[PDB]
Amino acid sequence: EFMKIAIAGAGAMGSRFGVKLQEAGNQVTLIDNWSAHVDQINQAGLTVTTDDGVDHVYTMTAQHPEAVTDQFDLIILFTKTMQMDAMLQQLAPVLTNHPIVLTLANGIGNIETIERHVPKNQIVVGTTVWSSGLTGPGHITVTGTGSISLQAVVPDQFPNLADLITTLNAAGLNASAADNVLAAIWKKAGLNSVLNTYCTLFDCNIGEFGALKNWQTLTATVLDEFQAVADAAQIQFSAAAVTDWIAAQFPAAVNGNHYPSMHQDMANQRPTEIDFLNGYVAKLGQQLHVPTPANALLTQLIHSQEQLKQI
């Protein structure tokens, strides 16, 4: 089983998937907005450095999304939450043959974003534990092995699941169907909606958050609302499990001295992902008649902080 495949968002992860899929016999296009990266791949090849320190160079097709004139059987989306709508907009002409759209992007309002651009029954969500590092333009460094877990958004109308799994497995990507993928993405969004958001508001690192005398109340306030919205959305969720995971980050040997991504975003005057974290639970809670006053307020506070940071 082969497909014609587009990797939309060709960072570390996308580039690694692309090489493996091409080497397996699939036709692959890497789609990305970073010019240096797209140019380097086309001009000097994509460098893949393995554990033994050997540099492997692959001939790959890379394009900016507006330049893409081909159409595909499958789009694999790695583009971040906030860039995803623009990317799909630029690919409008590409989408008219109604491809499978597999989102492996981190974060949690990705389905809803994708729904504005393609019929929801062609959407599949996924997680993966494959890893990859972006060393520079046209250069990744890779190690270890991995797997992918997949869940159709509309299982009773998605015809292509078997084909999708066969194609990914034939490339050695180790994919399987599972019903708890959306739950896993929610669980991660729970952790992110406590640690990113509070660290940003307080200008502190993860250990300093965990040293707060009211860290448990702050965490519960957010997560009890997550739990209520997940319940109404019929997505498995455990506030208690997310809490244990958060607390596991506190020690210096894990993430005690790390500032999370939203904190760095704020520090660099970049717009944060708040509307895909606390803001998404608030918006979805609104739609399901579940009160989310804490998450709604935290979202507003972050928006105000962003506005002040660009004075």
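Residue positions are given as counts along the sequence shown, with the first one as 1.
The stretch 92-100 shows the higher mean C-alpha B-factor when 202-210 is compared against 92-100 in the entry. When the C-alpha B-factors of 217-225 and 105-113 are averaged, 105-113 comes out higher. Between the residues 145, 127, 236, 192, it is 145 that shows the highest Cα B-factor in the PDB record. The top Cα temperature factor in the record, among 58, 259, 250, 245, falls on 58. Ranked by C-alpha B-factor against the other modelled residues of its chain, residue 38 falls in the middle third.
Among the modelled residues of its chain, residue 284 has a C-alpha B-factor that falls in the highest third, as given in the PDB entry.
Sorting the modelled residues of the chain by their CA temperature factor places residue 27 in the middle third. The entry lists a Cα temperature factor for residue 196 that places it in the lowest third of the chain's modelled residues. The PDB entry assigns residue 278 a C-alpha temperature factor belonging to the lowest third of its chain's modelled residues.
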